[PDB]
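Worksheet: one structure, shown below.
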Amino acid sequence: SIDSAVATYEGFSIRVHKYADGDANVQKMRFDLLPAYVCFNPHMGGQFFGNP
Amino acid sequence: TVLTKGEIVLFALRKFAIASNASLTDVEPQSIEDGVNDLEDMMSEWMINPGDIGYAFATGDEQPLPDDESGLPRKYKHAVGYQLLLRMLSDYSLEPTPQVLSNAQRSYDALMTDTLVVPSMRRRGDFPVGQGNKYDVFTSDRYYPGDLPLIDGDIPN
Amino acid sequence: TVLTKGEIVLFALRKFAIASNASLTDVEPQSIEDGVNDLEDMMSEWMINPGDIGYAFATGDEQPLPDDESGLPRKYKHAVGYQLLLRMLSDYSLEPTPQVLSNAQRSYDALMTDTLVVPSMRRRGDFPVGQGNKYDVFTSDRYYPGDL
Amino acid sequence: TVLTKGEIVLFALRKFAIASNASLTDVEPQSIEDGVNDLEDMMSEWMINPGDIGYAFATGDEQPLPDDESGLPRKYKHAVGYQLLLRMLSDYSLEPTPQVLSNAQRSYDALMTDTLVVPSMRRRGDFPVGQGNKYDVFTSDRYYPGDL
Amino acid sequence: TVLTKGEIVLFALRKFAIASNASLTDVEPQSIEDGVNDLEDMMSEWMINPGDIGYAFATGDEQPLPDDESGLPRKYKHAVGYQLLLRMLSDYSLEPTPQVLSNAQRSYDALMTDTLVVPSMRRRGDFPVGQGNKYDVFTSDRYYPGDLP
Amino acid sequence: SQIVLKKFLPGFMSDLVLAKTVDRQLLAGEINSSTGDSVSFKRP
């Protein structure tokens with residue numbers, strides 16, 4: 001029971017919602033996204049800098 | 001400076017020559033308390049018929065003091081004083097003169113002019129919005145937004 | 001500061017200079033109890049035409065005292081006092097004056113503008129509901145409820 | 001409270017200052033009897049034009065007494081007192097003042113406002129009842145009774 | 001030729017012949033100060049209905065003084081003096097005369113004539129500008145701008 | 001100070017190279033309503 005829409009940017013879909021909580025002419029919009037991460041092997045990457 | 005209470009009563013007393021240096025009469029302390037009580041009663045009544053004008057009521061439960069500050073702007077002193085003078089003239093069983101009535105009417109009219117607001121009638125709510133406004137879905141722009149019911153969820157039913 | 005009874009009576013007596021704090025000659029307490037009884041009867045009558053303004057009638061059987069709490073808001077003090085003065089002046093063989101009448105009328109109008117309601121007229125109950133309201137066939141939503 | 005018949009006469013006498021504490025005058029016994037009799041006659045007459053208000057009359061040999069209950073509510077006291085004062089002032093040959101007249105008419109208007117009933121007209125009796133009322137199974141009325 | 005607060009009060013007293021520099025009797029100094037306060041309050045009230053007329057109020061904290069400079073142009077002297085006279089005449093238990101009332105009304109009308117402004121109703125905002133005004137040289141001129149917000 | 005153009009001024013924008021390089025193949029449509037709030041892979 002809330003009107004919404006979907007916006008896509010670089011292959012990421014963003015859910016946008018609209019509602020009018022409060023009767024002081026105060027509209028509200030919100031955007032959501034939920035990612036997930038995983039580290040397979042720590043021994044295959046890291047940091048580096050220069051050496052003298 | 002600061003428009004204190006009590007001196008507004010002195011204003012009316014002087015203006016009708018109840019107690020002023022012009023008539024050589026001295027102020028009676030028994031009348032000033034009645035004047036201040038009448039002033040507070042008249043302002044309390046004025047809270048509804050005209051709008052609020054910034055009057056500061058006595059905090060707590062105690063009688064007012066004649067030397068406290070009223071808080072009213074200096075542009076309302078004539079109006080307030082003339083109104084309370086008209087309301088307390090009957091105490092001494094005296095009849096006001098036409099010039100005093102005219103001055104009080106003029107001051108009251110100016111005060112009412114100051115705190116004036118005219119409402120504007122907004123759209124009904126079922127009034128269509130023309131095609132030239134380019135309405136769109138996901139927005140309620142198809143029709144004019146009336147007064148929202150503000151009843152949602154389980155508490156409406 | 002509560003607006004107790006008898007304070008209204010004292011105000012009404014003062015505003016016509018019958019008796020006040022500065023009067024050398026004062027009035028007997030029988031007049032004061034008569035005044036509070038008149039105020040009680042006036043409020044009982046006001047329960048009809050102007051409406052209900054939260055007056056606290058005496059309960060049980062004891063008579064109204066000149067010291068009990070009336071419970072009225074402060075804003076109604078001048079209106080009540082002027083009405084009591086108008087209904088009470090004839091007791092002392094006196095006649096009112098135009099300025100007092102104008103003040104009483106203004107105070108009464110200020111009191112009356114609070115109780116205004118302006119009722120709204122609901123639908124007839126046989127009026128059809130527009131088909132664009134998306135009613136339900138079996139829920140009897142094709143017509144307005146009317147009243148009750 | 002009980003609002004005895006004696007109280008009403010005393011209120012009217014106190015008004016206009018015929019017998020009151022403020023006037024430093026005491027009430028004569030005969031005036032009380034005359035006032036009670038006039039109140040009885042007035043309330044007997046009021047059974048037709050204003051209507052019934054629940055006043056209690058004596059039984060058999062009347063002999064109304066000031067200590068007898070009246071049965072009136074506290075609201076109608078002012079109206080009854082002012083009407084009695086208007087009908088009784090002619091005994092002492094006194095012309096009423098305009099303020100008393102205004103008070104009396106205002107109280108009487110409030111009293112008549114309290115007991116106002118507006119009759120509602122009904123259908124003739126040969127008026128048809130439409131097909132929308134389902135006069136086959138929902139009702140047997142092809143026409144309104146409308147008379148009672 | 002600089003109008004002061006105090007000479008306005010003296011003008012009001014003189015015009016109705018309470019103090020006239022030759023009256024063999026003078027008014028107490030307290031009445032002059034009270035007249036100055038009345039003038040200040042009245043001309044502060046004048047900030048709403050008549051409007052601004054270049055009045056210079058007192059210092060942010062100091063009390064007004066009779067010798068203080070007012071800044072009112074000389075053309076407003078009669079009007080302000082007659083208004084003050086009407087506003088404080090009853091202080092001495094008095095009443096005006098028809099000729100004084102007529103003079104005060106004439107002065108007040110003369111004052112109001114100078115400070116009169118008649119606004120002009122601009123276009124609605126959705127009203128269209130016709131093809132008579134070539135609007136192609138501009139990107140957005142096909143309709144009137146409307147009143148500034 | 002009244003007429004305003006309908007085109008916004010340009011702003012600042014970062015760049016995206018990190019997301020395009022990491023592995024977005026093994027984990028794709030794996031956290032469903034049945035798997036739960038976590039999922040695991042094997043090891044050699």
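Each chain in the structure tokens gets a letter, A, B, ..., in the order shown, and its residues are numbered from 1; ligands are numbered from 1 in order too.
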Contacts of residue F:37 within 12 Å, only C-alpha atoms, excl. fewer than 4 positions in-chain, as a PyMOL selection string: (chain A and resi 34-37) or (chain F and resi 30-33)
Just N, CA and C atoms for this one: save the residues we selected as an mmCIF file, in the first residue's frame.
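What landed in part-v5.cif:
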```cif
data_model
loop_
_atom_site.group_PDB
_atom_site.id
_atom_site.type_symbol
_atom_site.label_atom_id
_atom_site.label_comp_id
_atom_site.auth_asym_id
_atom_site.auth_seq_id
_atom_site.Cartn_x
_atom_site.Cartn_y
_atom_site.Cartn_z
ATOM 1 N N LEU A 34 20.831 -3.141 -0.643
ATOM 2 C CA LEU A 34 21.363 -4.097 0.323
ATOM 3 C C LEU A 34 22.407 -5.005 -0.318
ATOM 4 N N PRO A 35 23.691 -4.770 -0.069
ATOM 5 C CA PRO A 35 24.743 -5.572 -0.693
ATOM 6 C C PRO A 35 25.142 -6.775 0.156
ATOM 7 N N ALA A 36 26.081 -7.551 -0.384
ATOM 8 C CA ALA A 36 26.613 -8.727 0.294
ATOM 9 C C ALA A 36 28.065 -8.915 -0.115
ATOM 10 N N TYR A 37 28.899 -9.331 0.836
ATOM 11 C CA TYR A 37 30.335 -9.439 0.623
ATOM 12 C C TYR A 37 30.823 -10.826 1.013
ATOM 13 N N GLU F 30 22.277 -15.914 -4.993
ATOM 14 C CA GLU F 30 22.488 -17.012 -4.060
ATOM 15 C C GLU F 30 21.869 -16.776 -2.696
ATOM 16 N N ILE F 31 21.754 -15.522 -2.262
ATOM 17 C CA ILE F 31 21.079 -15.192 -1.008
ATOM 18 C C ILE F 31 19.607 -14.998 -1.359
ATOM 19 N N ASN F 32 18.868 -16.099 -1.390
ATOM 20 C CA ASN F 32 17.444 -16.073 -1.667
ATOM 21 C C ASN F 32 16.665 -16.240 -0.364
ATOM 22 N N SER F 33 15.344 -16.377 -0.477
ATOM 23 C CA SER F 33 14.503 -16.559 0.699
ATOM 24 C C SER F 33 14.674 -17.929 1.342
#
```
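By chain and then residue number, the residues within 12 Å of stretch 20-31 of chain A are residues 2, 3, 4, 5, 6, 7, 8, 13, 14 and 15 of chain A; 138, 139, 140, 145, 146, 147, 148, 149, 150, 151, 152 and 153 of chain B, counting only C-alpha atoms and disregarding those fewer than 5 positions away in sequence.
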Test item: chain B residues at most 6 Å from chain C, counting only C-alpha atoms, as a PyMOL selection string: chain B and resi 44-45+49+61+91
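Superposing chain D on chain C by least squares over every C-alpha atom, paired in order, leaves an RMSD of 1.7 Å.
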Secondary structure check, helix (DSSP H, G or I) residues of stretch 36-128 of chain D, as a VMD selection string: chain D and resid 36 to 45 74 to 91 98 to 114
Create the file for the chosen residues now, containing N, CA and C atoms and written as a short mmCIF file (atom, residue, chain, number, x, y, z; two decimals), in the first residue's frame.
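Result file is out-v5.cif:
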```
data_model
loop_
_atom_site.label_atom_id
_atom_site.label_comp_id
_atom_site.auth_asym_id
_atom_site.auth_seq_id
_atom_site.Cartn_x
_atom_site.Cartn_y
_atom_site.Cartn_z
N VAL D 36 -49.08 33.79 46.43
CA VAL D 36 -49.26 32.36 46.24
C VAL D 36 -50.53 32.07 45.45
N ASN D 37 -51.62 32.77 45.77
CA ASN D 37 -52.86 32.57 45.03
C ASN D 37 -52.69 32.96 43.56
N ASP D 38 -52.02 34.09 43.31
CA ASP D 38 -51.80 34.52 41.93
C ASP D 38 -50.91 33.53 41.18
N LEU D 39 -49.90 32.98 41.85
CA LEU D 39 -49.06 31.96 41.23
C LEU D 39 -49.87 30.73 40.88
N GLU D 40 -50.75 30.30 41.79
CA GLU D 40 -51.59 29.14 41.53
C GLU D 40 -52.48 29.38 40.31
N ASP D 41 -53.12 30.55 40.26
CA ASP D 41 -54.00 30.85 39.13
C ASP D 41 -53.22 30.94 37.83
N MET D 42 -52.05 31.58 37.85
CA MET D 42 -51.24 31.70 36.65
C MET D 42 -50.80 30.34 36.13
N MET D 43 -50.36 29.46 37.03
CA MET D 43 -49.90 28.15 36.59
C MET D 43 -51.06 27.27 36.14
N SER D 44 -52.25 27.48 36.70
CA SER D 44 -53.43 26.79 36.18
C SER D 44 -53.76 27.28 34.77
N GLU D 45 -53.60 28.58 34.52
CA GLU D 45 -53.87 29.12 33.19
C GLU D 45 -52.84 28.64 32.18
N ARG D 74 -35.10 23.84 38.56
CA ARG D 74 -34.45 25.10 38.91
C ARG D 74 -34.31 26.05 37.73
N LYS D 75 -34.45 25.56 36.49
CA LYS D 75 -34.23 26.42 35.33
C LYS D 75 -35.37 27.41 35.13
N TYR D 76 -36.61 27.00 35.41
CA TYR D 76 -37.77 27.83 35.09
C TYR D 76 -38.05 28.88 36.15
N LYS D 77 -37.24 28.94 37.21
CA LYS D 77 -37.51 29.83 38.33
C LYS D 77 -37.54 31.29 37.92
N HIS D 78 -36.55 31.72 37.13
CA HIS D 78 -36.47 33.13 36.74
C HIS D 78 -37.65 33.52 35.86
N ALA D 79 -38.01 32.67 34.91
CA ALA D 79 -39.14 32.96 34.03
C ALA D 79 -40.44 33.06 34.82
N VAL D 80 -40.66 32.09 35.72
CA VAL D 80 -41.89 32.11 36.52
C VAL D 80 -41.93 33.34 37.41
N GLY D 81 -40.79 33.68 38.02
CA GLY D 81 -40.75 34.85 38.89
C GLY D 81 -41.03 36.14 38.15
N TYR D 82 -40.44 36.30 36.96
CA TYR D 82 -40.68 37.52 36.19
C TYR D 82 -42.12 37.61 35.71
N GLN D 83 -42.70 36.49 35.27
CA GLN D 83 -44.11 36.53 34.87
C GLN D 83 -45.01 36.88 36.05
N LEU D 84 -44.73 36.31 37.22
CA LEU D 84 -45.51 36.64 38.41
C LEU D 84 -45.36 38.11 38.77
N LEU D 85 -44.14 38.64 38.68
CA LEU D 85 -43.93 40.05 38.99
C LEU D 85 -44.71 40.94 38.04
N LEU D 86 -44.70 40.61 36.75
CA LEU D 86 -45.47 41.38 35.78
C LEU D 86 -46.96 41.33 36.06
N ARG D 87 -47.49 40.16 36.43
CA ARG D 87 -48.92 40.04 36.71
C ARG D 87 -49.31 40.58 38.08
N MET D 88 -48.34 40.83 38.97
CA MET D 88 -48.63 41.25 40.33
C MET D 88 -48.35 42.73 40.59
N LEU D 89 -47.51 43.38 39.78
CA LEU D 89 -47.17 44.78 40.04
C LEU D 89 -48.39 45.69 40.07
N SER D 90 -49.47 45.31 39.38
CA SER D 90 -50.66 46.16 39.36
C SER D 90 -51.32 46.27 40.72
N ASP D 91 -51.04 45.34 41.64
CA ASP D 91 -51.62 45.42 42.98
C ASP D 91 -51.16 46.67 43.71
N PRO D 98 -38.15 49.44 31.83
CA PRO D 98 -37.80 48.68 30.62
C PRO D 98 -36.83 47.53 30.85
N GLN D 99 -35.89 47.67 31.79
CA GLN D 99 -34.92 46.60 32.02
C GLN D 99 -35.60 45.34 32.53
N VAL D 100 -36.56 45.49 33.45
CA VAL D 100 -37.30 44.34 33.95
C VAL D 100 -38.07 43.68 32.82
N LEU D 101 -38.67 44.49 31.94
CA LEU D 101 -39.40 43.93 30.81
C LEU D 101 -38.48 43.14 29.89
N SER D 102 -37.29 43.67 29.61
CA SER D 102 -36.35 42.96 28.75
C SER D 102 -35.91 41.65 29.39
N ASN D 103 -35.61 41.67 30.69
CA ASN D 103 -35.22 40.45 31.38
C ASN D 103 -36.34 39.42 31.34
N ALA D 104 -37.57 39.85 31.59
CA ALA D 104 -38.70 38.93 31.60
C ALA D 104 -38.91 38.31 30.23
N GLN D 105 -38.85 39.12 29.17
CA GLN D 105 -39.10 38.58 27.84
C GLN D 105 -37.98 37.65 27.41
N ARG D 106 -36.73 37.96 27.79
CA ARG D 106 -35.62 37.07 27.47
C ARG D 106 -35.77 35.72 28.18
N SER D 107 -36.13 35.75 29.46
CA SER D 107 -36.32 34.50 30.19
C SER D 107 -37.48 33.70 29.62
N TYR D 108 -38.57 34.37 29.25
CA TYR D 108 -39.71 33.67 28.66
C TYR D 108 -39.34 33.07 27.31
N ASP D 109 -38.54 33.78 26.52
CA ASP D 109 -38.09 33.23 25.25
C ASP D 109 -37.24 31.98 25.47
N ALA D 110 -36.36 32.01 26.47
CA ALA D 110 -35.58 30.81 26.79
C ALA D 110 -36.48 29.66 27.21
N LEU D 111 -37.48 29.95 28.04
CA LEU D 111 -38.40 28.90 28.50
C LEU D 111 -39.15 28.28 27.33
N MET D 112 -39.64 29.11 26.41
CA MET D 112 -40.36 28.57 25.26
C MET D 112 -39.42 27.85 24.30
N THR D 113 -38.15 28.27 24.25
CA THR D 113 -37.16 27.55 23.47
C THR D 113 -36.95 26.14 24.01
N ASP D 114 -36.95 26.00 25.34
CA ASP D 114 -36.67 24.70 25.93
C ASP D 114 -37.71 23.66 25.54
#
```
Distance-based interface of chain E with chain F, 12 Å, counting only C-alpha atoms, as a PyMOL selection string: chain E and resi 138-141+144-149
Distance-based interface of chain E with chain B, 12 Å, counting only C-alpha atoms, as a PyMOL selection string: chain E and resi 18+26-35+37-51+57-64+83-98+101+126
Prev. selection, N, CA and C atoms, output as a compact mmCIF listing (two decimals), in the first residue's frame:
```txt
# COMPACT_ATOMS: atom_id res chain seq x y z
N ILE E 18 -4.57 76.86 26.05
CA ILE E 18 -4.22 76.44 27.40
C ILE E 18 -2.92 77.08 27.86
N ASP E 26 0.90 79.42 33.49
CA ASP E 26 1.66 78.39 32.81
C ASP E 26 1.22 77.01 33.29
N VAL E 27 1.41 76.03 32.43
CA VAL E 27 1.11 74.64 32.75
C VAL E 27 2.35 74.02 33.39
N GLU E 28 2.13 73.02 34.24
CA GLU E 28 3.23 72.41 34.96
C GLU E 28 4.12 71.61 33.99
N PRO E 29 5.42 71.50 34.30
CA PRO E 29 6.33 70.80 33.38
C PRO E 29 5.98 69.34 33.16
N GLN E 30 5.29 68.70 34.11
CA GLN E 30 4.94 67.29 33.96
C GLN E 30 4.00 67.08 32.78
N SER E 31 3.08 68.03 32.56
CA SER E 31 2.15 67.91 31.45
C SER E 31 2.88 67.93 30.11
N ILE E 32 3.96 68.70 30.01
CA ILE E 32 4.73 68.74 28.76
C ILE E 32 5.36 67.38 28.49
N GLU E 33 5.96 66.77 29.52
CA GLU E 33 6.57 65.46 29.34
C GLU E 33 5.53 64.41 28.97
N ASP E 34 4.36 64.47 29.61
CA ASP E 34 3.30 63.53 29.27
C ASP E 34 2.80 63.74 27.85
N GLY E 35 2.77 65.00 27.39
CA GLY E 35 2.44 65.25 26.00
C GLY E 35 3.47 64.68 25.04
N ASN E 37 5.31 62.01 25.63
CA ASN E 37 5.07 60.56 25.62
C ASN E 37 3.84 60.22 24.77
N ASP E 38 2.78 61.02 24.88
CA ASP E 38 1.59 60.78 24.07
C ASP E 38 1.90 60.91 22.58
N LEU E 39 2.70 61.91 22.21
CA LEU E 39 3.10 62.06 20.82
C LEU E 39 3.89 60.85 20.34
N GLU E 40 4.82 60.37 21.16
CA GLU E 40 5.61 59.21 20.78
C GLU E 40 4.73 57.99 20.56
N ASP E 41 3.81 57.74 21.50
CA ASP E 41 2.93 56.58 21.37
C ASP E 41 2.02 56.70 20.15
N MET E 42 1.45 57.88 19.91
CA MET E 42 0.57 58.06 18.77
C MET E 42 1.31 57.87 17.46
N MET E 43 2.51 58.44 17.34
CA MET E 43 3.23 58.34 16.07
C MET E 43 3.86 56.97 15.89
N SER E 44 4.05 56.22 16.98
CA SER E 44 4.37 54.81 16.84
C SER E 44 3.17 54.02 16.34
N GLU E 45 1.97 54.38 16.81
CA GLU E 45 0.76 53.75 16.30
C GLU E 45 0.56 54.05 14.82
N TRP E 46 0.94 55.25 14.39
CA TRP E 46 0.78 55.67 13.00
C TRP E 46 1.60 54.82 12.03
N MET E 47 2.36 53.86 12.56
CA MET E 47 3.18 53.01 11.71
C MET E 47 2.36 52.02 10.90
N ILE E 48 1.06 51.89 11.16
CA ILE E 48 0.23 50.87 10.54
C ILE E 48 -0.75 51.48 9.53
N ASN E 49 -1.68 52.31 10.00
CA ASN E 49 -2.73 52.79 9.11
C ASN E 49 -2.24 53.92 8.20
N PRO E 50 -1.73 55.04 8.73
CA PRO E 50 -1.26 56.09 7.81
C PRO E 50 0.03 55.71 7.10
N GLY E 51 0.97 55.10 7.80
CA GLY E 51 2.23 54.66 7.22
C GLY E 51 3.40 55.49 7.71
N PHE E 57 12.32 58.11 15.91
CA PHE E 57 11.99 57.74 17.28
C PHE E 57 13.12 58.14 18.22
N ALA E 58 12.96 57.80 19.49
CA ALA E 58 13.97 58.11 20.48
C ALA E 58 15.15 57.14 20.34
N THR E 59 16.14 57.32 21.21
CA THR E 59 17.29 56.42 21.24
C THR E 59 16.83 55.03 21.69
N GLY E 60 17.67 54.03 21.41
CA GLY E 60 17.29 52.65 21.68
C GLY E 60 16.90 52.39 23.13
N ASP E 61 17.40 53.22 24.05
CA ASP E 61 17.05 53.08 25.46
C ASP E 61 16.62 54.38 26.13
N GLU E 62 17.01 55.54 25.62
CA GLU E 62 16.77 56.79 26.31
C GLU E 62 15.31 57.22 26.21
N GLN E 63 14.87 57.96 27.22
CA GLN E 63 13.53 58.52 27.21
C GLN E 63 13.47 59.69 26.23
N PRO E 64 12.31 59.93 25.62
CA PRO E 64 12.18 61.11 24.75
C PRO E 64 12.30 62.40 25.53
N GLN E 83 -3.89 66.40 15.21
CA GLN E 83 -4.13 65.04 15.67
C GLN E 83 -3.79 64.89 17.15
N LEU E 84 -2.66 65.46 17.57
CA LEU E 84 -2.30 65.42 18.99
C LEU E 84 -3.32 66.16 19.84
N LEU E 85 -3.78 67.31 19.35
CA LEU E 85 -4.79 68.08 20.08
C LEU E 85 -6.04 67.26 20.31
N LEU E 86 -6.55 66.62 19.25
CA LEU E 86 -7.72 65.77 19.40
C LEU E 86 -7.46 64.59 20.33
N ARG E 87 -6.27 63.99 20.25
CA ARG E 87 -5.96 62.82 21.05
C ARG E 87 -5.82 63.12 22.54
N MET E 88 -5.36 64.32 22.91
CA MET E 88 -5.17 64.61 24.33
C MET E 88 -6.00 65.77 24.87
N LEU E 89 -7.01 66.24 24.14
CA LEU E 89 -7.83 67.33 24.64
C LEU E 89 -8.61 66.93 25.89
N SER E 90 -9.11 65.69 25.93
CA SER E 90 -9.94 65.25 27.05
C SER E 90 -9.17 65.14 28.35
N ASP E 91 -7.84 65.21 28.31
CA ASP E 91 -7.05 65.16 29.53
C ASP E 91 -7.40 66.30 30.48
N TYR E 92 -7.84 67.44 29.94
CA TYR E 92 -8.20 68.60 30.74
C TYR E 92 -9.70 68.73 30.93
N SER E 93 -10.45 67.66 30.68
CA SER E 93 -11.91 67.66 30.78
C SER E 93 -12.52 68.73 29.88
N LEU E 94 -12.33 68.53 28.57
CA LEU E 94 -12.80 69.49 27.58
C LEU E 94 -13.49 68.79 26.42
N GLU E 95 -13.78 69.54 25.36
CA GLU E 95 -14.44 69.01 24.18
C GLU E 95 -14.11 69.91 23.00
N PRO E 96 -14.04 69.38 21.79
CA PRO E 96 -13.69 70.20 20.63
C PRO E 96 -14.89 70.96 20.08
N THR E 97 -14.59 71.89 19.18
CA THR E 97 -15.56 72.70 18.47
C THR E 97 -15.64 72.27 17.00
N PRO E 98 -16.77 72.51 16.33
CA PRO E 98 -16.89 72.07 14.93
C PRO E 98 -15.82 72.64 14.01
N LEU E 101 -12.63 70.71 14.48
CA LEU E 101 -12.77 69.41 13.84
C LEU E 101 -12.60 69.52 12.33
N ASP E 126 -0.13 33.14 -16.13
CA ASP E 126 -0.40 32.21 -17.21
C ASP E 126 -0.96 32.90 -18.44
```
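Residues in contact with residue E:111 at 10 Å, where only C-alpha atoms are counted and same-chain residues fewer than 4 positions away are skipped, are listed as residues 50, 53, 75, 76, 77, 78, 79, 80, 105, 106, 107, 115 and 116 of chain E.
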Limited to N, CA, C and O atoms, could you put the picked residues into a file as a CSV table (one decimal), in the first residue's frame?
```csv
chain,number,residue,atom,x,y,z
E,50,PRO,N,-1.7,55.0,8.7
E,50,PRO,CA,-1.3,56.1,7.8
E,50,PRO,C,0.0,55.7,7.1
E,50,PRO,O,0.2,56.0,5.9
E,53,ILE,N,6.1,58.2,7.8
E,53,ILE,CA,6.3,59.6,7.3
E,53,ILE,C,7.6,60.2,7.7
E,53,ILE,O,7.7,61.4,8.0
E,75,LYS,N,5.8,70.5,6.5
E,75,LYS,CA,4.5,70.4,5.8
E,75,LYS,C,3.5,69.6,6.7
E,75,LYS,O,2.3,69.7,6.5
E,76,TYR,N,4.0,68.7,7.6
E,76,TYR,CA,3.2,67.9,8.3
E,76,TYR,C,2.8,68.4,9.7
E,76,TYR,O,2.1,67.8,10.5
E,77,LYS,N,3.3,69.6,10.0
E,77,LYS,CA,3.2,70.2,11.4
E,77,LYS,C,1.8,70.4,11.8
E,77,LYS,O,1.4,70.0,12.9
E,78,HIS,N,1.0,71.0,10.9
E,78,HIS,CA,-0.4,71.3,11.3
E,78,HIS,C,-1.2,70.0,11.5
E,78,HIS,O,-2.0,69.9,12.4
E,79,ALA,N,-1.0,69.0,10.6
E,79,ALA,CA,-1.7,67.8,10.7
E,79,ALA,C,-1.4,67.1,12.0
E,79,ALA,O,-2.3,66.6,12.7
E,80,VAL,N,-0.1,66.9,12.3
E,80,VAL,CA,0.3,66.2,13.5
E,80,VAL,C,-0.1,66.9,14.7
E,80,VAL,O,-0.6,66.3,15.7
E,105,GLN,N,-9.7,67.8,10.1
E,105,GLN,CA,-10.0,66.9,9.0
E,105,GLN,C,-9.3,67.4,7.7
E,105,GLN,O,-8.8,66.6,6.9
E,106,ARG,N,-9.3,68.7,7.5
E,106,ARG,CA,-8.7,69.2,6.3
E,106,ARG,C,-7.2,69.0,6.3
E,106,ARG,O,-6.6,68.5,5.3
E,107,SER,N,-6.5,69.2,7.5
E,107,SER,CA,-5.1,68.9,7.6
E,107,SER,C,-4.8,67.4,7.4
E,107,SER,O,-3.8,67.1,6.7
E,115,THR,N,1.0,61.1,0.7
E,115,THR,CA,1.5,59.7,0.9
E,115,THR,C,0.6,58.7,0.3
E,115,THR,O,0.6,57.5,0.8
E,116,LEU,N,-0.1,59.0,-0.8
E,116,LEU,CA,-1.0,58.1,-1.5
E,116,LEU,C,-0.3,57.3,-2.6
E,116,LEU,O,0.3,58.0,-3.5
```
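One distance worth recording is that between atom CA of residue E:1 and atom CA of residue E:117, which is 28.5 Å.
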Atom CA of residue B:40 to atom CA of residue B:58, straight-line distance in Å: 9.1 Å
Atomic distance atom CA of residue D:122 - atom CA of residue D:141, expressed in Å with one decimal: 15.2 Å
Near-residue C:32 list (9 Å; only C-alpha atoms; drop same-chain fewer than 5 positions) as a VMD selection string: chain C and resid 6 9 to 10 27 37 66
Contact table chain F vs chain A, cut-off 9 Å, shortest pair per residue, only C-alpha atoms, as a Markdown table:
```
| residue | atom | partner | partner_atom | distance |
| --- | --- | --- | --- | --- |
| F:27 | CA | A:38 | CA | 8.6 |
| F:31 | CA | A:36 | CA | 8.6 |
| F:40 | CA | A:38 | CA | 9.0 |
| F:41 | CA | A:40 | CA | 8.6 |
| F:43 | CA | A:40 | CA | 8.9 |
```
Strand (DSSP E or B) residues, from DSSP on the backbone, in chain A, as a PyMOL selection string: chain A and resi 4-9+12-19+28-32
Long-range neighbours of residue B:131 as a ChimeraX atom specification, 12 Å cut-off, only C-alpha atoms, 6 positions minimum in chain: /B:141-143
